[PDB]
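Visitor: This is my_file14.pdb (PDB, N, CA and C atoms and all ligand atoms).
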```
ATOM      1  N   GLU A 156     -15.716  88.817  18.413  1.00  0.00           N
ATOM      2  CA  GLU A 156     -16.057  89.832  17.424  1.00  0.00           C
ATOM      3  C   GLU A 156     -16.717  91.042  18.081  1.00  0.00           C
ATOM      4  N   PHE A 157     -16.235  92.232  17.739  1.00  0.00           N
ATOM      5  CA  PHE A 157     -16.685  93.482  18.344  1.00  0.00           C
ATOM      6  C   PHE A 157     -17.411  94.308  17.288  1.00  0.00           C
ATOM      7  N   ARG A 158     -18.743  94.210  17.260  1.00  0.00           N
ATOM      8  CA  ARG A 158     -19.572  95.084  16.426  1.00  0.00           C
ATOM      9  C   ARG A 158     -20.689  95.644  17.305  1.00  0.00           C
ATOM     10  N   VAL A 159     -20.365  96.681  18.073  1.00  0.00           N
ATOM     11  CA  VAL A 159     -21.345  97.385  18.894  1.00  0.00           C
ATOM     12  C   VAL A 159     -21.219  98.886  18.679  1.00  0.00           C
ATOM     13  N   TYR A 160     -19.992  99.383  18.796  1.00  0.00           N
ATOM     14  CA  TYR A 160     -19.687 100.798  18.964  1.00  0.00           C
ATOM     15  C   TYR A 160     -19.246 101.417  17.645  1.00  0.00           C
ATOM     16  N   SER A 161     -19.969 102.447  17.211  1.00  0.00           N
ATOM     17  CA  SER A 161     -19.748 103.089  15.918  1.00  0.00           C
ATOM     18  C   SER A 161     -19.878 104.609  16.030  1.00  0.00           C
ATOM     19  N   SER A 162     -19.262 105.198  17.052  1.00  0.00           N
ATOM     20  CA  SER A 162     -19.311 106.649  17.223  1.00  0.00           C
ATOM     21  C   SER A 162     -18.110 107.103  18.037  1.00  0.00           C
ATOM     22  N   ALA A 163     -17.866 108.411  18.023  1.00  0.00           N
ATOM     23  CA  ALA A 163     -16.967 109.020  18.997  1.00  0.00           C
ATOM     24  C   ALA A 163     -17.335 110.479  19.233  1.00  0.00           C
ATOM     25  N   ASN A 164     -18.183 110.736  20.225  1.00  0.00           N
ATOM     26  CA  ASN A 164     -18.527 112.100  20.608  1.00  0.00           C
ATOM     27  C   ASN A 164     -17.732 112.520  21.836  1.00  0.00           C
ATOM     28  N   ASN A 165     -18.137 113.625  22.464  1.00  0.00           N
ATOM     29  CA  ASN A 165     -17.610 114.005  23.769  1.00  0.00           C
ATOM     30  C   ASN A 165     -17.463 112.823  24.728  1.00  0.00           C
ATOM     31  N   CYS A 166     -16.251 112.609  25.224  1.00  0.00           N
ATOM     32  CA  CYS A 166     -16.059 111.618  26.266  1.00  0.00           C
ATOM     33  C   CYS A 166     -15.851 112.280  27.622  1.00  0.00           C
ATOM     34  N   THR A 167     -15.735 111.432  28.637  1.00  0.00           N
ATOM     35  CA  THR A 167     -15.616 111.852  30.023  1.00  0.00           C
ATOM     36  C   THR A 167     -14.762 110.773  30.685  1.00  0.00           C
ATOM     37  N   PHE A 168     -14.775 110.690  32.013  1.00  0.00           N
ATOM     38  CA  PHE A 168     -13.937 109.774  32.776  1.00  0.00           C
ATOM     39  C   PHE A 168     -13.821 108.412  32.108  1.00  0.00           C
ATOM     40  N   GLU A 169     -12.598 107.895  32.061  1.00  0.00           N
ATOM     41  CA  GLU A 169     -12.329 106.569  31.535  1.00  0.00           C
ATOM     42  C   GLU A 169     -11.390 105.838  32.479  1.00  0.00           C
ATOM     43  N   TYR A 170     -11.748 104.607  32.813  1.00  0.00           N
ATOM     44  CA  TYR A 170     -11.024 103.794  33.777  1.00  0.00           C
ATOM     45  C   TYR A 170     -10.577 102.504  33.112  1.00  0.00           C
ATOM     46  N   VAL A 171      -9.349 102.091  33.393  1.00  0.00           N
ATOM     47  CA  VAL A 171      -8.833 100.812  32.921  1.00  0.00           C
ATOM     48  C   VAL A 171      -8.112 100.136  34.077  1.00  0.00           C
ATOM     49  N   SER A 172      -8.290  98.827  34.198  1.00  0.00           N
ATOM     50  CA  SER A 172      -7.580  98.059  35.212  1.00  0.00           C
ATOM     51  C   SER A 172      -7.237  96.660  34.720  1.00  0.00           C
ATOM     52  N   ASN A 188     -17.663  77.862  40.332  1.00  0.00           N
ATOM     53  CA  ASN A 188     -18.309  78.747  41.292  1.00  0.00           C
ATOM     54  C   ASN A 188     -19.171  79.775  40.574  1.00  0.00           C
ATOM     55  N   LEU A 189     -19.875  80.601  41.342  1.00  0.00           N
ATOM     56  CA  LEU A 189     -20.754  81.623  40.794  1.00  0.00           C
ATOM     57  C   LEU A 189     -20.235  83.009  41.149  1.00  0.00           C
ATOM     58  N   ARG A 190     -20.816  84.014  40.504  1.00  0.00           N
ATOM     59  CA  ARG A 190     -20.417  85.400  40.680  1.00  0.00           C
ATOM     60  C   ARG A 190     -21.627  86.253  41.018  1.00  0.00           C
ATOM     61  N   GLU A 191     -21.450  87.152  41.986  1.00  0.00           N
ATOM     62  CA  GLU A 191     -22.505  88.060  42.409  1.00  0.00           C
ATOM     63  C   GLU A 191     -22.025  89.499  42.329  1.00  0.00           C
ATOM     64  N   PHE A 192     -22.923  90.385  41.900  1.00  0.00           N
ATOM     65  CA  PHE A 192     -22.610  91.793  41.726  1.00  0.00           C
ATOM     66  C   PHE A 192     -23.798  92.636  42.162  1.00  0.00           C
ATOM     67  N   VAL A 193     -23.500  93.828  42.665  1.00  0.00           N
ATOM     68  CA  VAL A 193     -24.513  94.818  43.017  1.00  0.00           C
ATOM     69  C   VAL A 193     -24.084  96.163  42.456  1.00  0.00           C
ATOM     70  N   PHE A 194     -25.022  96.876  41.834  1.00  0.00           N
ATOM     71  CA  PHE A 194     -24.748  98.137  41.144  1.00  0.00           C
ATOM     72  C   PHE A 194     -25.661  99.226  41.693  1.00  0.00           C
ATOM     73  N   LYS A 195     -25.094 100.182  42.412  1.00  0.00           N
ATOM     74  CA  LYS A 195     -25.840 101.341  42.867  1.00  0.00           C
ATOM     75  C   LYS A 195     -25.378 102.586  42.120  1.00  0.00           C
ATOM     76  N   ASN A 196     -26.223 103.618  42.123  1.00  0.00           N
ATOM     77  CA  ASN A 196     -25.878 104.860  41.435  1.00  0.00           C
ATOM     78  C   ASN A 196     -26.527 106.012  42.202  1.00  0.00           C
ATOM     79  N   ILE A 197     -25.729 106.724  42.992  1.00  0.00           N
ATOM     80  CA  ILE A 197     -26.243 107.805  43.826  1.00  0.00           C
ATOM     81  C   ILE A 197     -25.271 108.975  43.799  1.00  0.00           C
ATOM     82  N   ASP A 198     -25.822 110.185  43.697  1.00  0.00           N
ATOM     83  CA  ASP A 198     -25.053 111.427  43.745  1.00  0.00           C
ATOM     84  C   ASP A 198     -23.910 111.408  42.735  1.00  0.00           C
ATOM     85  N   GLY A 199     -24.208 110.900  41.546  1.00  0.00           N
ATOM     86  CA  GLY A 199     -23.202 110.767  40.515  1.00  0.00           C
ATOM     87  C   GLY A 199     -22.366 109.519  40.688  1.00  0.00           C
TER      88      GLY A 199
ATOM     89  N   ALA B 348      -2.308 126.393  17.281  1.00  0.00           N
ATOM     90  CA  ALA B 348      -3.343 126.613  16.288  1.00  0.00           C
ATOM     91  C   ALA B 348      -3.512 128.102  16.000  1.00  0.00           C
ATOM     92  N   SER B 349      -4.116 128.392  14.852  1.00  0.00           N
ATOM     93  CA  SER B 349      -4.391 129.766  14.470  1.00  0.00           C
ATOM     94  C   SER B 349      -5.541 130.328  15.299  1.00  0.00           C
ATOM     95  N   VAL B 350      -5.717 131.647  15.213  1.00  0.00           N
ATOM     96  CA  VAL B 350      -6.744 132.300  16.016  1.00  0.00           C
ATOM     97  C   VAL B 350      -8.143 131.930  15.532  1.00  0.00           C
ATOM     98  N   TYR B 351      -8.344 131.775  14.220  1.00  0.00           N
ATOM     99  CA  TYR B 351      -9.679 131.434  13.740  1.00  0.00           C
ATOM    100  C   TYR B 351     -10.031 129.981  14.009  1.00  0.00           C
ATOM    101  N   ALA B 352      -9.045 129.152  14.337  1.00  0.00           N
ATOM    102  CA  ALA B 352      -9.226 127.728  14.589  1.00  0.00           C
ATOM    103  C   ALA B 352      -8.625 127.362  15.935  1.00  0.00           C
ATOM    104  N   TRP B 353      -8.956 128.151  16.955  1.00  0.00           N
ATOM    105  CA  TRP B 353      -8.394 127.949  18.283  1.00  0.00           C
ATOM    106  C   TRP B 353      -8.729 126.559  18.805  1.00  0.00           C
ATOM    107  N   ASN B 354      -7.712 125.874  19.313  1.00  0.00           N
ATOM    108  CA  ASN B 354      -7.836 124.506  19.786  1.00  0.00           C
ATOM    109  C   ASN B 354      -8.386 124.477  21.207  1.00  0.00           C
ATOM    110  N   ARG B 355      -9.005 123.353  21.555  1.00  0.00           N
ATOM    111  CA  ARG B 355      -9.603 123.159  22.867  1.00  0.00           C
ATOM    112  C   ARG B 355      -9.166 121.821  23.442  1.00  0.00           C
ATOM    113  N   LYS B 356      -8.940 121.799  24.754  1.00  0.00           N
ATOM    114  CA  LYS B 356      -8.569 120.555  25.424  1.00  0.00           C
ATOM    115  C   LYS B 356      -9.207 120.550  26.805  1.00  0.00           C
ATOM    116  N   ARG B 357     -10.007 119.526  27.091  1.00  0.00           N
ATOM    117  CA  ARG B 357     -10.602 119.400  28.411  1.00  0.00           C
ATOM    118  C   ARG B 357      -9.702 118.575  29.318  1.00  0.00           C
ATOM    119  N   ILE B 358      -9.677 118.949  30.592  1.00  0.00           N
ATOM    120  CA  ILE B 358      -8.854 118.292  31.596  1.00  0.00           C
ATOM    121  C   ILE B 358      -9.720 118.014  32.814  1.00  0.00           C
ATOM    122  N   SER B 359      -9.665 116.777  33.300  1.00  0.00           N
ATOM    123  CA  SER B 359     -10.402 116.358  34.482  1.00  0.00           C
ATOM    124  C   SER B 359      -9.776 115.075  35.007  1.00  0.00           C
ATOM    125  N   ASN B 360     -10.186 114.692  36.217  1.00  0.00           N
ATOM    126  CA  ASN B 360      -9.751 113.447  36.855  1.00  0.00           C
ATOM    127  C   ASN B 360      -8.236 113.430  37.056  1.00  0.00           C
ATOM    128  N   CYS B 361      -7.744 114.462  37.733  1.00  0.00           N
ATOM    129  CA  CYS B 361      -6.319 114.571  38.007  1.00  0.00           C
ATOM    130  C   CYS B 361      -6.105 115.644  39.062  1.00  0.00           C
ATOM    131  N   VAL B 362      -4.857 115.770  39.496  1.00  0.00           N
ATOM    132  CA  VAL B 362      -4.471 116.721  40.527  1.00  0.00           C
ATOM    133  C   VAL B 362      -3.643 117.812  39.869  1.00  0.00           C
ATOM    134  N   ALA B 363      -4.172 119.030  39.872  1.00  0.00           N
ATOM    135  CA  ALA B 363      -3.486 120.157  39.268  1.00  0.00           C
ATOM    136  C   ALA B 363      -2.493 120.766  40.249  1.00  0.00           C
ATOM    137  N   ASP B 364      -1.591 121.587  39.712  1.00  0.00           N
ATOM    138  CA  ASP B 364      -0.594 122.302  40.513  1.00  0.00           C
ATOM    139  C   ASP B 364      -0.455 123.699  39.917  1.00  0.00           C
ATOM    140  N   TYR B 365      -1.261 124.633  40.419  1.00  0.00           N
ATOM    141  CA  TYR B 365      -1.263 125.983  39.877  1.00  0.00           C
ATOM    142  C   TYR B 365      -0.083 126.818  40.351  1.00  0.00           C
ATOM    143  N   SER B 366       0.496 126.499  41.511  1.00  0.00           N
ATOM    144  CA  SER B 366       1.588 127.312  42.037  1.00  0.00           C
ATOM    145  C   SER B 366       2.821 127.239  41.146  1.00  0.00           C
ATOM    146  N   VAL B 367       3.120 126.056  40.605  1.00  0.00           N
ATOM    147  CA  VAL B 367       4.263 125.916  39.705  1.00  0.00           C
ATOM    148  C   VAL B 367       4.091 126.811  38.485  1.00  0.00           C
ATOM    149  N   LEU B 368       2.886 126.835  37.919  1.00  0.00           N
ATOM    150  CA  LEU B 368       2.603 127.744  36.813  1.00  0.00           C
ATOM    151  C   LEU B 368       2.710 129.196  37.257  1.00  0.00           C
ATOM    152  N   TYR B 369       2.256 129.497  38.475  1.00  0.00           N
ATOM    153  CA  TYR B 369       2.382 130.848  39.010  1.00  0.00           C
ATOM    154  C   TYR B 369       3.838 131.262  39.161  1.00  0.00           C
ATOM    155  N   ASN B 370       4.681 130.363  39.661  1.00  0.00           N
ATOM    156  CA  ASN B 370       6.069 130.681  39.955  1.00  0.00           C
ATOM    157  C   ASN B 370       7.018 130.272  38.839  1.00  0.00           C
ATOM    158  N   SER B 371       6.510 130.092  37.619  1.00  0.00           N
ATOM    159  CA  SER B 371       7.390 129.805  36.493  1.00  0.00           C
ATOM    160  C   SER B 371       8.316 130.978  36.197  1.00  0.00           C
ATOM    161  N   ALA B 372       7.876 132.201  36.502  1.00  0.00           N
ATOM    162  CA  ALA B 372       8.680 133.411  36.325  1.00  0.00           C
ATOM    163  C   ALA B 372       9.124 133.595  34.877  1.00  0.00           C
ATOM    164  N   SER B 373       8.309 133.129  33.934  1.00  0.00           N
ATOM    165  CA  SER B 373       8.609 133.271  32.516  1.00  0.00           C
ATOM    166  C   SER B 373       7.478 133.878  31.705  1.00  0.00           C
ATOM    167  N   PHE B 374       6.235 133.792  32.164  1.00  0.00           N
ATOM    168  CA  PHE B 374       5.123 134.345  31.414  1.00  0.00           C
ATOM    169  C   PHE B 374       5.135 135.868  31.485  1.00  0.00           C
ATOM    170  N   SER B 375       4.537 136.487  30.472  1.00  0.00           N
ATOM    171  CA  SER B 375       4.447 137.938  30.387  1.00  0.00           C
ATOM    172  C   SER B 375       3.165 138.476  31.006  1.00  0.00           C
ATOM    173  N   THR B 376       2.026 137.853  30.716  1.00  0.00           N
ATOM    174  CA  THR B 376       0.744 138.297  31.242  1.00  0.00           C
ATOM    175  C   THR B 376       0.091 137.179  32.040  1.00  0.00           C
ATOM    176  N   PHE B 377      -0.636 137.562  33.091  1.00  0.00           N
ATOM    177  CA  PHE B 377      -1.353 136.596  33.923  1.00  0.00           C
ATOM    178  C   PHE B 377      -2.511 137.340  34.586  1.00  0.00           C
ATOM    179  N   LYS B 378      -3.704 137.207  34.013  1.00  0.00           N
ATOM    180  CA  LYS B 378      -4.888 137.848  34.576  1.00  0.00           C
ATOM    181  C   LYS B 378      -5.954 136.805  34.869  1.00  0.00           C
ATOM    182  N   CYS B 379      -6.366 136.715  36.130  1.00  0.00           N
ATOM    183  CA  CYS B 379      -7.410 135.788  36.555  1.00  0.00           C
ATOM    184  C   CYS B 379      -8.608 136.604  37.021  1.00  0.00           C
ATOM    185  N   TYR B 380      -9.769 136.348  36.424  1.00  0.00           N
ATOM    186  CA  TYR B 380     -10.974 137.114  36.713  1.00  0.00           C
ATOM    187  C   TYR B 380     -11.866 136.333  37.667  1.00  0.00           C
ATOM    188  N   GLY B 381     -12.200 136.946  38.800  1.00  0.00           N
ATOM    189  CA  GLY B 381     -13.168 136.391  39.720  1.00  0.00           C
ATOM    190  C   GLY B 381     -12.633 135.387  40.715  1.00  0.00           C
ATOM    191  N   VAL B 382     -11.355 135.027  40.635  1.00  0.00           N
ATOM    192  CA  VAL B 382     -10.756 134.057  41.542  1.00  0.00           C
ATOM    193  C   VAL B 382      -9.409 134.591  42.001  1.00  0.00           C
ATOM    194  N   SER B 383      -9.017 134.228  43.215  1.00  0.00           N
ATOM    195  CA  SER B 383      -7.702 134.604  43.710  1.00  0.00           C
ATOM    196  C   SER B 383      -6.661 133.643  43.152  1.00  0.00           C
ATOM    197  N   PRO B 384      -5.735 134.105  42.313  1.00  0.00           N
ATOM    198  CA  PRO B 384      -4.771 133.175  41.705  1.00  0.00           C
ATOM    199  C   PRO B 384      -3.902 132.463  42.722  1.00  0.00           C
ATOM    200  N   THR B 385      -3.541 133.135  43.814  1.00  0.00           N
ATOM    201  CA  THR B 385      -2.752 132.509  44.865  1.00  0.00           C
ATOM    202  C   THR B 385      -3.569 131.544  45.709  1.00  0.00           C
ATOM    203  N   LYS B 386      -4.893 131.660  45.681  1.00  0.00           N
ATOM    204  CA  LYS B 386      -5.774 130.740  46.381  1.00  0.00           C
ATOM    205  C   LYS B 386      -6.421 129.737  45.440  1.00  0.00           C
ATOM    206  N   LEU B 387      -5.918 129.622  44.210  1.00  0.00           N
ATOM    207  CA  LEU B 387      -6.486 128.664  43.272  1.00  0.00           C
ATOM    208  C   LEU B 387      -6.309 127.237  43.769  1.00  0.00           C
ATOM    209  N   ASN B 388      -5.174 126.948  44.412  1.00  0.00           N
ATOM    210  CA  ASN B 388      -4.939 125.598  44.910  1.00  0.00           C
ATOM    211  C   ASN B 388      -5.969 125.197  45.955  1.00  0.00           C
ATOM    212  N   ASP B 389      -6.514 126.162  46.688  1.00  0.00           N
ATOM    213  CA  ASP B 389      -7.540 125.885  47.692  1.00  0.00           C
ATOM    214  C   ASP B 389      -8.941 126.022  47.106  1.00  0.00           C
ATOM    215  N   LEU B 390      -9.157 125.360  45.975  1.00  0.00           N
ATOM    216  CA  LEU B 390     -10.445 125.340  45.302  1.00  0.00           C
ATOM    217  C   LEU B 390     -10.545 124.028  44.546  1.00  0.00           C
ATOM    218  N   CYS B 391     -11.769 123.636  44.202  1.00  0.00           N
ATOM    219  CA  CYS B 391     -11.932 122.346  43.544  1.00  0.00           C
ATOM    220  C   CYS B 391     -13.134 122.403  42.616  1.00  0.00           C
ATOM    221  N   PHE B 392     -12.886 122.240  41.317  1.00  0.00           N
ATOM    222  CA  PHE B 392     -13.895 122.317  40.266  1.00  0.00           C
ATOM    223  C   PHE B 392     -14.069 120.953  39.608  1.00  0.00           C
ATOM    224  N   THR B 393     -14.956 120.901  38.614  1.00  0.00           N
ATOM    225  CA  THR B 393     -15.284 119.638  37.965  1.00  0.00           C
ATOM    226  C   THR B 393     -14.445 119.367  36.720  1.00  0.00           C
ATOM    227  N   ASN B 394     -14.196 120.376  35.887  1.00  0.00           N
ATOM    228  CA  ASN B 394     -13.321 120.201  34.737  1.00  0.00           C
ATOM    229  C   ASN B 394     -12.862 121.561  34.241  1.00  0.00           C
ATOM    230  N   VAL B 395     -11.691 121.566  33.609  1.00  0.00           N
ATOM    231  CA  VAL B 395     -11.115 122.799  33.102  1.00  0.00           C
ATOM    232  C   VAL B 395     -10.916 122.665  31.600  1.00  0.00           C
ATOM    233  N   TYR B 396     -10.945 123.805  30.924  1.00  0.00           N
ATOM    234  CA  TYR B 396     -10.745 123.876  29.487  1.00  0.00           C
ATOM    235  C   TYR B 396      -9.543 124.756  29.196  1.00  0.00           C
ATOM    236  N   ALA B 397      -8.640 124.250  28.359  1.00  0.00           N
ATOM    237  CA  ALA B 397      -7.465 124.986  27.923  1.00  0.00           C
ATOM    238  C   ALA B 397      -7.605 125.279  26.439  1.00  0.00           C
TER     239      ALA B 397
HETATM  240  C1  LIG C   1     -20.462 117.009  25.363  1.00  0.00           C
HETATM  241  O1  LIG C   1     -20.980 117.228  26.694  1.00  0.00           O
HETATM  242  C2  LIG C   1     -20.868 118.571  27.186  1.00  0.00           C
HETATM  243  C3  LIG C   1     -21.404 118.562  28.600  1.00  0.00           C
HETATM  244  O2  LIG C   1     -22.410 119.548  28.790  1.00  0.00           O
HETATM  245  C4  LIG C   1     -21.633 119.511  26.265  1.00  0.00           C
HETATM  246  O3  LIG C   1     -21.494 120.851  26.726  1.00  0.00           O
HETATM  247  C5  LIG C   1     -21.091 119.388  24.849  1.00  0.00           C
HETATM  248  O4  LIG C   1     -21.850 120.218  23.979  1.00  0.00           O
HETATM  249  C6  LIG C   1     -21.169 117.938  24.374  1.00  0.00           C
HETATM  250  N1  LIG C   1     -20.608 117.806  23.040  1.00  0.00           N
HETATM  251  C7  LIG C   1     -21.355 117.579  21.955  1.00  0.00           C
HETATM  252  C8  LIG C   1     -20.613 117.473  20.655  1.00  0.00           C
HETATM  253  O5  LIG C   1     -22.573 117.462  22.017  1.00  0.00           O
END
```
Before anything else, please render the file you have as structure tokens.

Guide:
Amino acid sequence: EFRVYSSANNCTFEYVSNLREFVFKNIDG
Amino acid sequence: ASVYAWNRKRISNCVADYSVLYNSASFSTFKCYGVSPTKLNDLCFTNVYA
């Protein structure tokens, strides 16, 4: 069930394509 | 669209080709302010509005 998103303003870039590990950095955009 | 309701479209995240538009040989007017139209391909911006 998807009840999160209830808007549509200006958009920008959109991309579509044991244990798990992830790392998230954010630099210079 | 009409003049009082001029439409807008943003373009980004792609590879433009200004020379083809330059060499279409069909447009009547082409005025670019502040930039060299023949050197437009050798430039890189963040987003364009049509
Ligand atoms: C969407 O973001 C752009 C980026 O600056 C801004 O200029 C524009 O006003 C925004 N749109 C709305 C409806 O706020």

Visitor: Return as a PyMOL selection string the residues belonging to chain A that are within 8 Å of chain B, counting all atoms listed in the file.

Guide: chain A and resi 167-169

Visitor: Could you give me, as a PDB file with N, CA and C atoms, in the frame of the given file, each residue of chain B that DSSP assigns to strand (DSSP E) when run on this structure's backbone?

Guide:
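Below you can see states05.pdb, which holds the result:
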```
ATOM      1  N   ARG B 357     -10.007 119.526  27.091  1.00  0.00           N
ATOM      2  CA  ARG B 357     -10.602 119.400  28.411  1.00  0.00           C
ATOM      3  C   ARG B 357      -9.702 118.575  29.318  1.00  0.00           C
ATOM      4  N   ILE B 358      -9.677 118.949  30.592  1.00  0.00           N
ATOM      5  CA  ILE B 358      -8.854 118.292  31.596  1.00  0.00           C
ATOM      6  C   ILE B 358      -9.720 118.014  32.814  1.00  0.00           C
ATOM      7  N   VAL B 395     -11.691 121.566  33.609  1.00  0.00           N
ATOM      8  CA  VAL B 395     -11.115 122.799  33.102  1.00  0.00           C
ATOM      9  C   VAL B 395     -10.916 122.665  31.600  1.00  0.00           C
ATOM     10  N   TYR B 396     -10.945 123.805  30.924  1.00  0.00           N
ATOM     11  CA  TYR B 396     -10.745 123.876  29.487  1.00  0.00           C
ATOM     12  C   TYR B 396      -9.543 124.756  29.196  1.00  0.00           C
TER      13      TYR B 396
END
```

Visitor: Produce as a PyMOL selection string the set of residues near ligand LIG 1 (chain C), where near means within 7 Å with only N, CA and C atoms and all ligand atoms considered.

Guide: chain A and resi 164-166

Visitor: Could you please determine the separation between CA of residue 191 (chain A) and CA of residue 157 (chain A) in Å, to one decimal place?

Guide: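 Computed distance, CA of residue 191 (chain A) to CA of residue 157 (chain A), equals 25.3 Å.
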
Visitor: Taking the DSSP secondary structure from the backbone, can you list the residues of chain B that are alpha helix (DSSP H), as a JSON list (two decimals) with N, CA and C atoms, in the coordinates of the input?

Guide:
```json
[["chain", "number", "residue", "atom", "x", "y", "z"],
["B", 365, "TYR", "N", -1.26, 124.63, 40.42],
["B", 365, "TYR", "CA", -1.26, 125.98, 39.88],
["B", 365, "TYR", "C", -0.08, 126.82, 40.35],
["B", 366, "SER", "N", 0.50, 126.50, 41.51],
["B", 366, "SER", "CA", 1.59, 127.31, 42.04],
["B", 366, "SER", "C", 2.82, 127.24, 41.15],
["B", 367, "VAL", "N", 3.12, 126.06, 40.60],
["B", 367, "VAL", "CA", 4.26, 125.92, 39.70],
["B", 367, "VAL", "C", 4.09, 126.81, 38.48],
["B", 368, "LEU", "N", 2.89, 126.84, 37.92],
["B", 368, "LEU", "CA", 2.60, 127.74, 36.81],
["B", 368, "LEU", "C", 2.71, 129.20, 37.26],
["B", 369, "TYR", "N", 2.26, 129.50, 38.48],
["B", 369, "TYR", "CA", 2.38, 130.85, 39.01],
["B", 369, "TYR", "C", 3.84, 131.26, 39.16]]
```

Visitor: Step by step, work through what the PyMOL selection byres (((chain B and resi 387 and name CA) around 12) and not hetatm and name CA) selects in the shown file, and finish by giving those residues as a ChimeraX atom specification.

Guide: /B:363-369,379-386,388-392

Visitor: List the residues sitting within 7 Å of (-7.8, 122.1, 28.9) in the file's frame, using only C-alpha atoms, as a ChimeraX atom specification.

Guide: /B:355-358,395-397

Visitor: How far is it from atom C of residue 170 (chain A) to atom N of residue 198 (chain A), in Å with one decimal?

Guide: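 Taking atom C of residue 170 (chain A) as the start and atom N of residue 198 (chain A) as the end point, the length is 20.1 Å.
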
Visitor: Quick check, in Å to one decimal: how far apart do CA of residue 160 (chain A) and CA of residue 172 (chain A) lie?

Guide: 20.4 Å
